[PDB]
Amino acid sequence: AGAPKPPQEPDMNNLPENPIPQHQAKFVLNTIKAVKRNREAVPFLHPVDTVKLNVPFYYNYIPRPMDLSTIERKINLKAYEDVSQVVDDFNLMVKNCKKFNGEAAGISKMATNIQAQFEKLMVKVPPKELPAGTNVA
């Protein structure tokens with residue numbers, strides 16, 4: 001080819017010491033789970049099938065790919081320090097699709113559609129603090 005597919009994120013040797021609090025991790029997880037139910041998200045659920053789509057040089061244009069499952073795995077492995085990194089990863093996913101395919105491609109409109117859905121949900125994200133009377137041992 002044809003640049004090979006880069007290794008999966010995250011690097012389980014650089015897991016952050018202070019991850020996002022669980023109440024924030026539960027929210028962004030349910031948010032990503034809600035986006036994964038959207039019919040428009042199907043192409044973004046998993047890494048690109050470079051053989052089925054016949055894009056041998058895809059990883060030459062996109063050196064850092066991203067998908068909804070990777071974002072989900074990084075949350076489950078506590079790889080994020082701030083919820084803004086989850087937003088940045090979702091943005092990178094949309095950016096890669098528009099960069100490679102272009103605003104004319106209908107797959108870019110699917111990415112735009114799920115990004116709007118993601119942004120509507122992230123409006124109600126709880127603050128990084130715990131709450132009112134949540135106790136600390």
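One-based numbering along the sequence shown.
- Pairing each heavy atom of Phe44 with each of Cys97, the nearest pair is CE2-SG, 3.8 Å.
- We find the OG1-CG distance between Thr50 and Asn54 to be 9.0 Å, quoted to the nearest 0.5 Å.
- Of all heavy-atom pairs between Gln117 and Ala34, the closest is NE2-O, 3.5 Å.
- Under the 3.5 Å distance criterion, the side-chain polar atoms of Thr31 are matched with a main-chain donor or acceptor of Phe27.
- Ring-plane geometry between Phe118 and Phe90 is classed as parallel, the angle between the planes falling under 30 degrees on a 0 to 90 degree scale with a further cut at 60.
- Remark: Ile75 CD1 to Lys26 NZ distance equals 14.0 Å, nearest 0.5 Å.
- For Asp89 and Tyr80, the side-chain atoms include at least one donor-acceptor pair closer than 3.5 Å.
- Side-chain contact between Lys95 and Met66 is absent, with no heavy-atom pair separated by less than 4.5 Å.
- Residues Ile32 and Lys36 form a side-chain contact, since some pair of their non-hydrogen atoms from C-beta on lies under 4.5 Å apart.
- For the pair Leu29 and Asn76, the minimum side-chain heavy-atom distance is below 4.5 Å.
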Report the C-alpha distance between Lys74 and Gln85 in whole Å, list the side-chain angles of each, state the deciding distance to 0.1 Å, and finish with yes or no for side-chain contact (heavy atoms from CB on, under 4.5 Å). CA-CA 10 Å; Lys74 290 176 67 174; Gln85 297 174 313; over 6 Å; no

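- Interatomic distance, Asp67 CG to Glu9 CD, rounded to the nearest 0.5 Å: 9.5 Å.
- For the pair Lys128 and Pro21, the minimum side-chain heavy-atom distance is below 4.5 Å.
- Looking at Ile20 and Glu81, their side chains never come closer than 4.5 Å, going by heavy atoms from C-beta outward.
- Counting heavy atoms from C-beta outward, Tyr61 and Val55 have side chains that stay 4.5 Å or more apart.
- Of all heavy-atom pairs spanning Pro10 and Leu77, the tightest one is CD-CD1, 3.7 Å.
- No side-chain N or O of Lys98 forms a donor-acceptor pair with one of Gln115 less than 3.5 Å apart.
- Closest approach of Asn101 and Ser108 over heavy atoms only: CB-OG, 3.9 Å.
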side-chain contact (heavy atoms from CB on, under 4.5 Å) for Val87 and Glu119? Distances and angles first, verdict last. CA-CA 9 Å; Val87 167; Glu119 288 168 1; over 6 Å; no

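- Annotation: side chain of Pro4 is not in contact with side chain of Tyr59 (no heavy-atom distance under 4.5 Å).
- Checked by atom type and distance alone, the side chain of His46 never pairs as donor or acceptor with a backbone atom of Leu68 at under 3.5 Å.
- Annotation for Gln24 and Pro126: closest pair NE2-O, 2.7 Å, computed over non-hydrogen atoms.
- Residues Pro63 and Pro6 are not in side-chain contact: their nearest non-hydrogen atoms beyond the backbone lie 4.5 Å or more apart.
- Salt bridge status for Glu40 with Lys109: absent, with no side-chain N to carboxylate O gap under 4.0 Å.
- Atoms CG and CD, on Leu45 and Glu72 in that order, are 9.5 Å from each other to the nearest 0.5 Å.
- Taking hydrophobic clusters as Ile, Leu, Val, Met, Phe, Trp and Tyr residues chained together by side-chain heavy-atom distances below 4.5 Å, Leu92 does not share a cluster with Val48.
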Give the C-alpha distance, both sets of side-chain angles, the deciding distance and a yes or no for side-chain contact (heavy atoms from CB on, under 4.5 Å) between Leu130 and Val136. CA-CA 10 Å; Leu130 284 197; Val136 171; 4.2 Å; yes

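- Remark: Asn18 CG to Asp82 CG distance equals 11.5 Å, nearest 0.5 Å.
- Cluster membership for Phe100 and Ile107, using ILVMFWY side-chain heavy atoms within less than 4.5 angstrom, is not shared.
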